file target_29.csv (CSV, C-alpha atoms and all ligand atoms)
chain,number,residue,atom,x,y,z
S,22,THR,CA,0.0,0.0,0.0
S,23,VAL,CA,1.0,3.7,0.3
S,24,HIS,CA,2.5,3.2,3.7
S,25,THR,CA,4.6,0.3,2.5
S,26,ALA,CA,5.8,2.3,-0.6
S,27,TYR,CA,6.7,5.1,1.7
S,28,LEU,CA,8.6,3.0,4.3
S,29,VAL,CA,10.5,1.2,1.6
S,30,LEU,CA,11.4,4.4,-0.3
S,31,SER,CA,12.5,6.1,3.0
S,32,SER,CA,14.7,3.2,4.2
S,33,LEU,CA,16.6,3.3,0.9
S,34,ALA,CA,17.0,7.1,1.3
S,35,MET,CA,18.4,6.7,4.8
S,36,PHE,CA,20.8,3.9,3.7
S,37,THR,CA,22.1,5.9,0.7
S,38,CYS,CA,22.3,8.9,3.0
S,39,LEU,CA,24.7,7.1,5.3
S,40,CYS,CA,26.7,5.8,2.3
S,41,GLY,CA,26.9,9.3,0.8
S,42,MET,CA,28.1,10.7,4.2
S,43,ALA,CA,30.8,8.1,4.4
S,44,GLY,CA,31.9,8.7,0.8
S,45,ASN,CA,32.0,12.5,1.2
S,46,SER,CA,33.9,12.3,4.5
S,47,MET,CA,36.4,10.1,2.7
S,48,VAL,CA,36.7,12.6,-0.2
S,49,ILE,CA,37.2,15.5,2.3
S,50,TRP,CA,39.8,13.6,4.2
S,51,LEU,CA,41.7,12.6,1.0
S,52,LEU,CA,41.5,15.9,-0.7
S,53,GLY,CA,41.0,18.6,2.0
S,54,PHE,CA,44.4,20.1,2.1
S,55,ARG,CA,46.2,18.2,-0.7
S,56,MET,CA,45.7,17.8,-4.5
S,57,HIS,CA,45.3,21.5,-4.7
S,58,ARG,CA,47.8,22.3,-7.4
S,59,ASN,CA,44.9,21.0,-9.6
S,60,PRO,CA,42.5,23.8,-10.5
S,61,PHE,CA,39.6,21.2,-10.5
S,62,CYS,CA,39.9,20.2,-6.8
S,63,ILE,CA,38.4,23.3,-5.0
S,64,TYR,CA,35.1,22.8,-6.7
S,65,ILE,CA,35.1,19.1,-5.8
S,66,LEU,CA,36.0,19.8,-2.2
S,67,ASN,CA,33.2,22.4,-1.9
S,68,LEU,CA,30.8,19.9,-3.7
S,69,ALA,CA,31.7,17.2,-1.2
S,70,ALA,CA,31.1,19.6,1.7
S,71,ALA,CA,27.7,20.6,0.2
S,72,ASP,CA,26.7,17.0,-0.4
S,73,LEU,CA,27.7,16.0,3.1
S,74,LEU,CA,25.5,18.8,4.5
S,75,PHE,CA,22.6,17.7,2.2
S,76,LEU,CA,22.9,14.1,3.2
S,77,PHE,CA,23.3,14.8,7.0
S,78,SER,CA,20.4,17.3,7.0
S,79,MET,CA,18.0,15.0,5.1
S,80,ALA,CA,19.1,11.9,7.1
S,81,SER,CA,18.2,13.8,10.3
S,82,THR,CA,14.9,14.8,8.7
S,83,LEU,CA,14.1,11.2,7.8
S,84,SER,CA,15.1,10.1,11.3
S,85,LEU,CA,12.9,12.6,13.1
S,86,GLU,CA,9.8,12.2,10.9
S,87,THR,CA,9.3,8.8,12.7
S,88,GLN,CA,8.6,10.8,15.9
S,89,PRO,CA,5.4,12.9,16.1
S,90,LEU,CA,5.9,16.5,15.2
S,91,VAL,CA,3.9,18.5,17.7
S,92,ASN,CA,5.9,20.8,20.0
S,93,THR,CA,9.5,19.6,20.6
S,94,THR,CA,10.3,18.6,17.1
S,95,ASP,CA,8.7,20.3,14.0
S,96,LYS,CA,10.9,23.3,15.0
S,97,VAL,CA,14.2,21.7,14.3
S,98,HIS,CA,12.5,19.7,11.5
S,99,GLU,CA,11.9,23.0,9.6
S,100,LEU,CA,15.4,24.1,10.2
S,101,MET,CA,16.9,20.9,8.9
S,102,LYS,CA,14.5,21.0,5.9
S,103,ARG,CA,15.8,24.4,5.0
S,104,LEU,CA,19.3,23.1,5.5
S,105,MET,CA,18.5,20.3,3.1
S,106,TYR,CA,17.1,22.7,0.5
S,107,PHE,CA,20.1,25.2,0.8
S,108,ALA,CA,22.6,22.3,0.5
S,109,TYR,CA,20.7,20.9,-2.5
S,110,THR,CA,20.8,24.3,-4.2
S,111,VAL,CA,24.4,24.9,-3.5
S,112,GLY,CA,25.3,21.4,-4.7
S,113,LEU,CA,23.5,22.0,-8.0
S,114,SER,CA,25.3,25.3,-8.4
S,115,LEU,CA,28.6,23.6,-7.7
S,116,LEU,CA,27.8,20.9,-10.3
S,117,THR,CA,27.1,23.6,-12.8
S,118,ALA,CA,30.4,25.3,-11.9
S,119,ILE,CA,32.3,22.0,-12.3
S,120,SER,CA,30.8,21.3,-15.7
S,121,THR,CA,31.4,24.9,-16.9
S,122,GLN,CA,35.0,24.7,-15.7
S,123,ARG,CA,35.5,21.4,-17.5
S,124,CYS,CA,34.0,22.9,-20.7
S,125,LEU,CA,36.2,26.0,-20.4
S,126,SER,CA,39.4,23.9,-19.8
S,127,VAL,CA,39.1,22.5,-23.4
S,128,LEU,CA,37.3,25.4,-25.2
S,129,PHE,CA,39.9,27.9,-23.9
S,130,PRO,CA,42.9,26.0,-22.7
S,131,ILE,CA,45.3,28.9,-23.0
S,132,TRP,CA,43.2,31.0,-20.6
S,133,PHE,CA,42.7,28.1,-18.3
S,134,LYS,CA,46.5,27.5,-18.1
S,135,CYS,CA,48.2,31.0,-18.2
S,136,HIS,CA,45.3,33.5,-17.6
S,137,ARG,CA,42.9,32.0,-15.1
S,138,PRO,CA,43.1,33.6,-11.6
S,139,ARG,CA,44.6,31.1,-9.2
S,140,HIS,CA,41.8,31.7,-6.7
S,141,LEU,CA,38.9,32.0,-9.1
S,142,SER,CA,37.4,28.7,-7.9
S,143,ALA,CA,37.7,29.9,-4.3
S,144,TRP,CA,35.6,33.1,-4.7
S,145,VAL,CA,33.3,31.5,-7.3
S,146,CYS,CA,32.5,28.9,-4.6
S,147,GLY,CA,32.2,31.7,-2.0
S,148,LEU,CA,29.8,33.6,-4.2
S,149,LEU,CA,27.7,30.4,-4.8
S,150,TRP,CA,27.5,29.7,-1.1
S,151,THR,CA,26.6,33.3,-0.3
S,152,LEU,CA,23.9,33.6,-3.0
S,153,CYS,CA,22.4,30.2,-2.1
S,154,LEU,CA,22.3,31.2,1.6
S,155,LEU,CA,20.7,34.5,0.7
S,156,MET,CA,18.0,32.9,-1.5
S,157,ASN,CA,17.2,30.3,1.0
S,158,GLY,CA,17.0,32.9,3.8
S,159,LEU,CA,14.3,34.5,1.7
S,160,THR,CA,12.4,31.3,0.9
S,161,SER,CA,12.5,30.3,4.6
S,162,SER,CA,11.6,33.8,5.7
S,163,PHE,CA,8.6,33.9,3.3
S,164,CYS,CA,7.3,30.3,3.5
S,165,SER,CA,8.3,28.6,6.8
S,166,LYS,CA,5.5,28.4,9.3
S,167,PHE,CA,7.7,29.7,12.1
S,168,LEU,CA,8.8,33.1,10.5
S,169,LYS,CA,7.1,35.9,8.6
S,170,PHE,CA,4.9,33.3,6.8
S,171,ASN,CA,2.8,34.4,3.8
S,172,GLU,CA,0.8,32.9,1.0
S,173,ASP,CA,1.3,35.3,-1.9
S,174,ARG,CA,5.0,35.7,-1.1
S,175,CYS,CA,5.8,32.0,-0.8
S,176,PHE,CA,4.5,31.4,-4.3
S,177,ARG,CA,6.5,34.3,-5.7
S,178,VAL,CA,9.8,33.3,-4.0
S,179,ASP,CA,9.3,29.7,-5.0
S,180,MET,CA,8.6,30.7,-8.6
S,181,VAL,CA,11.8,32.7,-8.4
S,182,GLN,CA,13.9,29.8,-6.9
S,183,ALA,CA,12.6,27.0,-9.1
S,184,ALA,CA,12.6,29.1,-12.3
S,185,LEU,CA,16.2,30.2,-11.6
S,186,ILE,CA,17.3,26.6,-10.8
S,187,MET,CA,15.7,24.9,-13.8
S,188,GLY,CA,16.0,27.6,-16.5
S,189,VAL,CA,19.6,28.6,-15.6
S,190,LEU,CA,21.4,25.6,-13.9
S,191,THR,CA,19.9,23.1,-16.3
S,192,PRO,CA,20.6,24.8,-19.7
S,193,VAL,CA,24.1,26.0,-18.6
S,194,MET,CA,25.2,22.6,-17.3
S,195,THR,CA,23.8,20.5,-20.1
S,196,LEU,CA,25.0,23.0,-22.8
S,197,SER,CA,28.5,23.1,-21.3
S,198,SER,CA,28.6,19.3,-21.1
S,199,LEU,CA,27.3,18.9,-24.6
S,200,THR,CA,29.9,21.4,-25.9
S,201,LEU,CA,32.7,19.5,-24.2
S,202,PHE,CA,31.4,16.2,-25.6
S,203,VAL,CA,31.2,17.7,-29.1
S,204,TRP,CA,34.6,19.3,-28.9
S,205,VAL,CA,36.2,16.1,-27.7
S,206,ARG,CA,34.4,14.0,-30.3
S,207,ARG,CA,35.3,16.4,-33.2
S,208,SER,CA,38.7,18.1,-32.5
S,209,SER,CA,40.2,15.4,-30.3
S,210,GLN,CA,38.7,12.0,-31.2
S,211,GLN,CA,39.2,12.4,-34.9
S,212,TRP,CA,43.0,12.4,-34.9
S,213,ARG,CA,44.1,10.2,-32.0
S,214,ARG,CA,42.3,7.3,-30.3
S,215,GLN,CA,38.8,8.1,-29.3
S,216,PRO,CA,38.5,9.0,-25.5
S,217,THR,CA,35.7,6.6,-24.7
S,218,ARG,CA,36.2,7.2,-21.0
S,219,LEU,CA,35.5,10.9,-21.4
S,220,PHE,CA,32.3,10.3,-23.3
S,221,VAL,CA,31.2,7.8,-20.8
S,222,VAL,CA,31.9,10.0,-17.7
S,223,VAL,CA,30.3,13.1,-19.3
S,224,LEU,CA,27.2,11.2,-20.3
S,225,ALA,CA,27.0,9.5,-16.9
S,226,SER,CA,27.3,12.8,-15.0
S,227,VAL,CA,24.7,14.5,-17.2
S,228,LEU,CA,22.3,11.6,-16.9
S,229,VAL,CA,22.7,11.4,-13.1
S,230,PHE,CA,22.2,15.1,-12.8
S,231,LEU,CA,19.0,15.3,-15.0
S,232,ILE,CA,17.4,12.1,-13.7
S,233,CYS,CA,18.3,12.4,-10.0
S,234,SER,CA,19.0,16.0,-8.9
S,235,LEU,CA,16.4,17.8,-11.0
S,236,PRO,CA,13.3,15.7,-9.7
S,237,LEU,CA,13.6,17.4,-6.3
S,238,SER,CA,13.7,20.8,-8.0
S,239,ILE,CA,10.7,20.1,-10.2
S,240,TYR,CA,8.6,18.6,-7.4
S,241,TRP,CA,8.5,22.1,-5.8
S,242,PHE,CA,7.3,23.5,-9.2
S,243,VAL,CA,4.6,20.9,-9.8
S,244,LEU,CA,3.4,21.2,-6.2
S,245,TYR,CA,2.1,24.7,-7.3
S,246,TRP,CA,0.6,25.4,-10.7
S,247,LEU,CA,-1.0,22.0,-10.7
S,248,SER,CA,-3.6,20.2,-8.5
S,249,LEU,CA,-1.7,17.1,-7.5
S,250,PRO,CA,-3.7,14.6,-5.5
S,251,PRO,CA,-2.8,14.7,-1.8
S,252,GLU,CA,-2.5,10.9,-1.6
S,253,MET,CA,0.2,10.5,-4.3
S,254,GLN,CA,2.2,13.7,-3.4
S,255,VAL,CA,4.0,11.7,-0.7
S,256,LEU,CA,5.1,9.2,-3.4
S,257,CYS,CA,6.5,12.0,-5.5
S,258,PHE,CA,8.3,13.5,-2.5
S,259,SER,CA,9.8,10.1,-1.8
S,260,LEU,CA,10.9,9.6,-5.4
S,261,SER,CA,12.5,13.1,-5.4
S,262,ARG,CA,14.3,12.5,-2.1
S,263,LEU,CA,15.7,9.1,-3.2
S,264,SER,CA,16.8,10.5,-6.5
S,265,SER,CA,18.7,13.4,-5.0
S,266,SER,CA,20.1,11.0,-2.4
S,267,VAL,CA,21.5,8.8,-5.2
S,268,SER,CA,22.9,11.8,-7.0
S,269,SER,CA,24.7,13.1,-3.9
S,270,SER,CA,26.0,9.6,-2.9
S,271,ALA,CA,27.3,9.0,-6.4
S,272,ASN,CA,29.0,12.4,-6.8
S,273,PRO,CA,32.1,11.3,-4.9
S,274,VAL,CA,32.4,8.2,-7.2
S,275,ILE,CA,32.1,10.1,-10.5
S,276,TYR,CA,34.0,13.3,-9.4
S,277,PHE,CA,36.8,12.0,-7.1
S,278,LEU,CA,37.5,8.3,-7.9
S,279,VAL,CA,37.4,9.1,-11.6
S,280,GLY,CA,39.4,12.2,-11.0
S,281,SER,CA,42.1,10.6,-8.8
S,282,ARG,CA,45.5,11.3,-10.3
S,283,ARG,CA,47.6,12.3,-7.3
S,284,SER,CA,46.2,9.3,-5.3
S,285,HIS,CA,48.2,7.0,-7.6
S,301,LIG,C1,21.8,34.0,-10.6
S,301,LIG,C2,22.8,33.2,-11.4
S,301,LIG,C3,24.1,33.8,-11.6
S,301,LIG,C4,25.0,33.0,-12.5
S,301,LIG,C5,25.4,31.7,-11.9
S,301,LIG,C6,26.3,30.9,-12.9
S,301,LIG,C7,26.8,29.6,-12.3
S,301,LIG,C8,27.6,28.8,-13.3
S,301,LIG,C9,28.8,29.5,-14.0
S,301,LIG,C10,29.7,30.1,-13.0
S,301,LIG,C11,30.6,29.0,-12.3
S,301,LIG,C12,31.7,28.4,-13.1
S,301,LIG,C13,32.5,29.4,-13.8
S,301,LIG,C14,33.8,28.9,-14.5
S,301,LIG,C15,34.7,28.3,-13.5
S,301,LIG,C16,36.1,28.2,-14.1
S,301,LIG,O1,36.3,27.6,-15.2
S,301,LIG,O2,37.1,28.6,-13.4
S,302,LIG,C1,27.2,36.6,-13.7
S,302,LIG,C2,27.3,35.2,-14.4
S,302,LIG,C3,28.6,34.9,-15.0
S,302,LIG,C4,29.7,34.8,-13.9
S,302,LIG,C5,31.1,34.4,-14.5
S,302,LIG,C6,32.2,34.3,-13.4
S,302,LIG,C7,33.5,33.9,-14.0
S,302,LIG,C8,33.5,32.6,-14.7
S,302,LIG,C9,34.9,32.2,-15.2
S,302,LIG,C10,35.5,33.0,-16.3
S,302,LIG,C11,34.7,33.0,-17.6
S,302,LIG,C12,35.4,33.4,-18.8
S,302,LIG,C13,36.6,32.6,-19.2
S,302,LIG,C14,37.5,33.1,-20.3
S,302,LIG,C15,36.8,33.3,-21.6
S,302,LIG,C16,37.6,33.8,-22.7
S,302,LIG,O1,38.2,34.9,-22.6
S,302,LIG,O2,37.7,33.1,-23.7
S,303,LIG,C1,29.2,29.5,4.0
S,303,LIG,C2,30.1,30.5,3.3
S,303,LIG,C3,31.5,30.0,3.1
S,303,LIG,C4,31.6,28.7,2.4
S,303,LIG,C5,33.0,28.3,2.0
S,303,LIG,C6,33.8,29.4,1.2
S,303,LIG,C7,34.7,28.9,0.1
S,303,LIG,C8,35.7,27.9,0.6
S,303,LIG,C9,36.6,27.3,-0.5
S,303,LIG,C10,37.6,26.3,-0.1
S,303,LIG,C11,38.6,26.8,0.9
S,303,LIG,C12,39.5,27.9,0.4
S,303,LIG,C13,40.3,27.6,-0.8
S,303,LIG,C14,41.1,28.7,-1.3
S,303,LIG,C15,41.9,28.3,-2.5
S,303,LIG,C16,43.1,27.4,-2.2
S,303,LIG,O1,43.4,27.1,-1.1
S,303,LIG,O2,43.8,26.9,-3.2
S,304,LIG,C1,22.7,30.9,-6.3
S,304,LIG,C2,21.3,30.9,-6.9
S,304,LIG,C3,20.4,32.1,-6.5
S,304,LIG,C4,21.0,33.4,-6.9
S,304,LIG,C5,20.0,34.6,-6.7
S,304,LIG,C6,19.5,34.7,-5.3
S,304,LIG,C7,18.4,35.7,-5.2
S,304,LIG,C8,17.2,35.4,-6.0
S,304,LIG,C9,16.0,36.4,-5.8
S,304,LIG,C10,15.5,36.4,-4.4
S,304,LIG,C11,14.0,36.8,-4.4
S,304,LIG,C12,13.7,38.2,-4.9
S,304,LIG,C13,12.2,38.4,-5.0
S,304,LIG,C14,11.8,39.9,-5.4
S,304,LIG,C15,12.2,40.8,-4.3
S,304,LIG,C16,11.7,42.3,-4.6
S,304,LIG,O1,11.1,42.5,-5.7
S,304,LIG,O2,11.9,43.1,-3.7
S,305,LIG,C1,20.8,36.7,7.4
S,305,LIG,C2,21.3,36.1,6.1
S,305,LIG,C3,20.3,35.2,5.5
S,305,LIG,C4,19.0,35.8,5.0
S,305,LIG,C5,19.2,37.0,4.1
S,305,LIG,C6,18.0,37.4,3.3
S,305,LIG,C7,17.0,38.3,4.1
S,305,LIG,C8,16.2,37.6,5.1
S,305,LIG,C9,14.9,38.4,5.5
S,305,LIG,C10,13.9,38.6,4.3
S,305,LIG,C11,12.7,39.3,4.7
S,305,LIG,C12,12.8,40.7,5.1
S,305,LIG,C13,11.5,41.4,5.3
S,305,LIG,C14,10.7,40.9,6.4
S,305,LIG,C15,9.4,41.5,6.6
S,305,LIG,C16,8.5,41.0,7.8
S,305,LIG,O1,9.0,41.2,8.9
S,305,LIG,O2,7.4,40.4,7.5
S,306,LIG,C1,19.2,32.1,8.1
S,306,LIG,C2,18.4,33.3,8.4
S,306,LIG,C3,17.3,33.7,7.5
S,306,LIG,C4,16.7,35.0,7.7
S,306,LIG,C5,15.9,35.1,9.0
S,306,LIG,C6,15.6,36.5,9.5
S,306,LIG,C7,14.5,36.6,10.5
S,306,LIG,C8,13.1,36.2,10.1
S,306,LIG,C9,12.0,36.5,11.1
S,306,LIG,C10,12.0,35.6,12.3
S,306,LIG,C11,11.0,35.9,13.3
S,306,LIG,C12,10.9,34.9,14.4
S,306,LIG,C13,9.8,35.3,15.4
S,306,LIG,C14,8.4,35.5,14.9
S,306,LIG,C15,7.9,34.3,14.2
S,306,LIG,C16,6.5,34.5,13.6
S,306,LIG,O1,5.9,35.6,13.8
S,306,LIG,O2,5.9,33.5,13.0
S,307,LIG,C1,19.4,27.5,6.1
S,307,LIG,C2,18.3,28.6,6.3
S,307,LIG,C3,17.6,28.5,7.6
S,307,LIG,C4,16.6,29.6,7.8
S,307,LIG,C5,15.9,29.6,9.1
S,307,LIG,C6,14.9,28.5,9.3
S,307,LIG,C7,14.2,28.5,10.6
S,307,LIG,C8,13.0,27.5,10.7
S,307,LIG,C9,12.3,27.6,12.0
S,307,LIG,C10,13.1,27.2,13.3
S,307,LIG,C11,12.4,27.4,14.6
S,307,LIG,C12,12.1,28.9,14.9
S,307,LIG,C13,11.5,29.1,16.3
S,307,LIG,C14,11.3,30.5,16.7
S,307,LIG,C15,10.2,31.1,16.0
S,307,LIG,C16,8.8,30.6,16.4
S,307,LIG,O1,8.5,30.7,17.6
S,307,LIG,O2,8.1,30.1,15.5

call {"tool": "encode", "arguments": {"input": "target_29.csv", "output": "structure tokens", "more": "lines below"}}
Ligand SMILES: CCCCCCCCCCCCCCCC(=O)O
Ligand SMILES: CCCCCCCCCCCCCCCC(=O)O
Ligand SMILES: CCCCCCCCCCCCCCCC(=O)O
Ligand SMILES: CCCCCCCCCCCCCCCC(=O)O
Ligand SMILES: CCCCCCCCCCCCCCCC(=O)O
Ligand SMILES: CCCCCCCCCCCCCCCC(=O)O
Ligand SMILES: CCCCCCCCCCCCCCCC(=O)O
result
Amino acid sequence: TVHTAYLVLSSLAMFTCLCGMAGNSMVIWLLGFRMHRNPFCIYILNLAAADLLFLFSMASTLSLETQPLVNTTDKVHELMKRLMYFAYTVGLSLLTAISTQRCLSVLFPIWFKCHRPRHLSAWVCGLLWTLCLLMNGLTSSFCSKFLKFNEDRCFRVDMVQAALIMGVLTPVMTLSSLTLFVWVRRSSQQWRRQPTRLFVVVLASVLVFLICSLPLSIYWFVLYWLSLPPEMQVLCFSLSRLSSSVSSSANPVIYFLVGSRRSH
């Protein structure tokens, strides 16, 4: 029944949350202060931190939804839900940044080598964290039922957040990955041996992004603008949570173990 399909879909989410926390802790330990001559490692460290925050927040959320939410809980529950959302948004922004950096490394290699600011990843990540925190401090301040809660303002701030996420982070990331794919297939695979690994990893990252991370972003959009039945909305929420869980738990595998050159 519905309860069984919720319990099963939440147990998997908790298990993959624990696995993702372990993987991101390993990535932070193995890359926190080293491997930093690489221009690609600052984004990966920040993404690992963001994914660890996401998985910890939503693991706590899933743990404390078993308990009744009346007076003691349901106040930390909202805090950790906003933490989950903020970490999800910053992780999506960091994935877009990683894909754009990879595309620029091959579209403009001279700039990436001898003209890129050496701290550009650092303050790009700082700007992403600051902007995500600011946007989530508006979504929470206008839609949480423990703050200056409103009805006409929640819808506007959500139509800002979801529209920005989808119609900016999806086109930019997918277009950058497609351009990198096309450039490698045309100007690099034609002369020497075809880099099948590059095609495989780019396609896998794009597929994981679109099929796993984006469902949680579009669930907020389809909650409004459409009269979803209240019985099946919990199923959609569970699907979105598990998809984002899988994406965050697999990010260390497809961004660190694949990109492990100093660990050799
Ligand atoms: C409100 C949106 C503002 C714009 C956000 C754009 C996020 C993706 C692009 C910026 C991050 C990556 C920039 C290139 C990184 C690099 O190659 O050094
Ligand atoms: C406001 C949105 C865009 C933010 C862009 C932040 C900086 C991104 C990294 C540098 C992009 C340009 C790279 C060199 C391009 C070139 O000259 O060929
Ligand atoms: C919550 C706001 C702050 C979030 C973190 C800010 C960005 C931190 C970036 C990683 C650590 C600094 C890295 C600087 C560059 C380097 O050491 O090579
Ligand atoms: C990093 C992604 C998000 C980047 C942009 C963050 C801020 C988005 C907009 C916030 C809500 C603004 C709503 C309108 C406010 C007004 O008209 O006064
Ligand atoms: C403190 C940093 C994170 C939050 C930054 C964004 C601004 C938060 C507050 C937004 C609402 C401001 C107006 C409140 C009006 C009211 O009291 O109803
Ligand atoms: C991470 C910080 C985000 C911004 C928060 C700014 C403060 C928003 C207002 C909080 C008011 C709390 C007390 C009144 C609550 C209520 O009237 O419902
Ligand atoms: C990451 C952004 C977090 C923004 C702040 C979220 C706060 C959610 C509510 C927490 C409990 C607030 C309790 C005091 C106000 C009240 O009495 O309702």

call {"tool": "residues_around", "arguments": {"input": "target_29.csv", "residues": "residue 84 of chain S", "least_positions_apart": "6", "cutoff": "10 Å", "atoms": "all atoms listed in the file", "output": "list in words"}}
result
residues 31, 32, 35, 78 and 98 of chain S

call {"tool": "closest_residue", "arguments": {"input": "target_29.csv", "among": "S:52, S:85, S:205, S:34", "to": "residue 69 of chain S", "atoms": "all atoms listed in the file"}}
result
S:52

call {"tool": "residues_near_point", "arguments": {"input": "target_29.csv", "point": "(29.8, 22.6, -1.7)", "cutoff": "8 Å", "atoms": "only C-alpha atoms", "output": "PyMOL selection string"}}
result
chain S and resi 64-72+108+111-112+115+146+150

call {"tool": "closest_atom_pairs", "arguments": {"input": "target_29.csv", "of": "chain S", "to": "ligand LIG 304 (chain S)", "cutoff": "8 Å", "atoms": "all atoms listed in the file", "output": "Markdown table"}}
result
| residue | atom | partner | partner_atom | distance |
| --- | --- | --- | --- | --- |
| S:110 | CA | S:LIG304 | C2 | 7.1 |
| S:111 | CA | S:LIG304 | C1 | 6.8 |
| S:114 | CA | S:LIG304 | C1 | 6.5 |
| S:148 | CA | S:LIG304 | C1 | 7.9 |
| S:149 | CA | S:LIG304 | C1 | 5.2 |
| S:150 | CA | S:LIG304 | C1 | 7.2 |
| S:151 | CA | S:LIG304 | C1 | 7.5 |
| S:152 | CA | S:LIG304 | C1 | 4.4 |
| S:153 | CA | S:LIG304 | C1 | 4.3 |
| S:154 | CA | S:LIG304 | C1 | 7.9 |
| S:155 | CA | S:LIG304 | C6 | 6.1 |
| S:156 | CA | S:LIG304 | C6 | 4.5 |
| S:159 | CA | S:LIG304 | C10 | 6.5 |
| S:160 | CA | S:LIG304 | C11 | 7.8 |
| S:177 | CA | S:LIG304 | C13 | 7.1 |
| S:178 | CA | S:LIG304 | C11 | 5.5 |
| S:181 | CA | S:LIG304 | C11 | 6.1 |
| S:182 | CA | S:LIG304 | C8 | 6.6 |
| S:185 | CA | S:LIG304 | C3 | 6.9 |
| S:186 | CA | S:LIG304 | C2 | 7.0 |

call {"tool": "residues_near_point", "arguments": {"input": "target_29.csv", "point": "(2.7, 5.1, 3.6)", "cutoff": "12 Å", "atoms": "all atoms listed in the file", "output": "PDB file with C-alpha atoms, in the coordinates of the input"}}
result
ATOM      1  CA  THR S  22       0.000   0.000   0.000  1.00  0.00           C
ATOM      2  CA  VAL S  23       1.000   3.700   0.300  1.00  0.00           C
ATOM      3  CA  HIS S  24       2.500   3.200   3.700  1.00  0.00           C
ATOM      4  CA  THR S  25       4.600   0.300   2.500  1.00  0.00           C
ATOM      5  CA  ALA S  26       5.800   2.300  -0.600  1.00  0.00           C
ATOM      6  CA  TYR S  27       6.700   5.100   1.700  1.00  0.00           C
ATOM      7  CA  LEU S  28       8.600   3.000   4.300  1.00  0.00           C
ATOM      8  CA  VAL S  29      10.500   1.200   1.600  1.00  0.00           C
ATOM      9  CA  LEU S  30      11.400   4.400  -0.300  1.00  0.00           C
ATOM     10  CA  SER S  31      12.500   6.100   3.000  1.00  0.00           C
ATOM     11  CA  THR S  87       9.300   8.800  12.700  1.00  0.00           C
ATOM     12  CA  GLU S 252      -2.500  10.900  -1.600  1.00  0.00           C
ATOM     13  CA  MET S 253       0.200  10.500  -4.300  1.00  0.00           C
ATOM     14  CA  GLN S 254       2.200  13.700  -3.400  1.00  0.00           C
ATOM     15  CA  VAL S 255       4.000  11.700  -0.700  1.00  0.00           C
ATOM     16  CA  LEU S 256       5.100   9.200  -3.400  1.00  0.00           C
ATOM     17  CA  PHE S 258       8.300  13.500  -2.500  1.00  0.00           C
ATOM     18  CA  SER S 259       9.800  10.100  -1.800  1.00  0.00           C
TER      19      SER S 259
END

call {"tool": "axis_aligned_box", "arguments": {"input": "target_29.csv", "around": "ligand LIG 303 (chain S)", "padding_each_side": "4 Å", "output": "lines of an AutoDock Vina configuration file"}}
result
center_x = 36.5
center_y = 28.4
center_z = 0.4
size_x = 22.6
size_y = 12.2
size_z = 15.2

call {"tool": "residues_near_ligand", "arguments": {"input": "target_29.csv", "ligand": "ligand LIG 306 (chain S)", "cutoff": "12 Å", "atoms": "all atoms listed in the file", "output": "PDB file with C-alpha atoms, in the frame of the given file"}}
result
ATOM      1  CA  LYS S  96      10.900  23.300  15.000  1.00  0.00           C
ATOM      2  CA  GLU S  99      11.900  23.000   9.600  1.00  0.00           C
ATOM      3  CA  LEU S 100      15.400  24.100  10.200  1.00  0.00           C
ATOM      4  CA  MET S 101      16.900  20.900   8.900  1.00  0.00           C
ATOM      5  CA  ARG S 103      15.800  24.400   5.000  1.00  0.00           C
ATOM      6  CA  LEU S 104      19.300  23.100   5.500  1.00  0.00           C
ATOM      7  CA  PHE S 107      20.100  25.200   0.800  1.00  0.00           C
ATOM      8  CA  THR S 151      26.600  33.300  -0.300  1.00  0.00           C
ATOM      9  CA  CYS S 153      22.400  30.200  -2.100  1.00  0.00           C
ATOM     10  CA  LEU S 154      22.300  31.200   1.600  1.00  0.00           C
ATOM     11  CA  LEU S 155      20.700  34.500   0.700  1.00  0.00           C
ATOM     12  CA  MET S 156      18.000  32.900  -1.500  1.00  0.00           C
ATOM     13  CA  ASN S 157      17.200  30.300   1.000  1.00  0.00           C
ATOM     14  CA  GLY S 158      17.000  32.900   3.800  1.00  0.00           C
ATOM     15  CA  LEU S 159      14.300  34.500   1.700  1.00  0.00           C
ATOM     16  CA  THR S 160      12.400  31.300   0.900  1.00  0.00           C
ATOM     17  CA  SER S 161      12.500  30.300   4.600  1.00  0.00           C
ATOM     18  CA  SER S 162      11.600  33.800   5.700  1.00  0.00           C
ATOM     19  CA  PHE S 163       8.600  33.900   3.300  1.00  0.00           C
ATOM     20  CA  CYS S 164       7.300  30.300   3.500  1.00  0.00           C
ATOM     21  CA  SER S 165       8.300  28.600   6.800  1.00  0.00           C
ATOM     22  CA  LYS S 166       5.500  28.400   9.300  1.00  0.00           C
ATOM     23  CA  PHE S 167       7.700  29.700  12.100  1.00  0.00           C
ATOM     24  CA  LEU S 168       8.800  33.100  10.500  1.00  0.00           C
ATOM     25  CA  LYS S 169       7.100  35.900   8.600  1.00  0.00           C
ATOM     26  CA  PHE S 170       4.900  33.300   6.800  1.00  0.00           C
ATOM     27  CA  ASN S 171       2.800  34.400   3.800  1.00  0.00           C
TER      28      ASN S 171
END

call {"tool": "closest_residue", "arguments": {"input": "target_29.csv", "among": "S:121, S:200, S:261, S:209", "to": "ligand LIG 301 (chain S)", "atoms": "all atoms listed in the file"}}
result
S:121

call {"tool": "closest_atom_pairs", "arguments": {"input": "target_29.csv", "of": "chain S", "to": "ligand LIG 302 (chain S)", "cutoff": "7 Å", "atoms": "all atoms listed in the file", "output": "JSON lines"}}
result
{"residue": "S:125", "atom": "CA", "partner": "S:LIG302", "partner_atom": "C13", "distance": 6.7}
{"residue": "S:129", "atom": "CA", "partner": "S:LIG302", "partner_atom": "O2", "distance": 5.6}
{"residue": "S:132", "atom": "CA", "partner": "S:LIG302", "partner_atom": "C14", "distance": 6.1}
{"residue": "S:145", "atom": "CA", "partner": "S:LIG302", "partner_atom": "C6", "distance": 6.8}
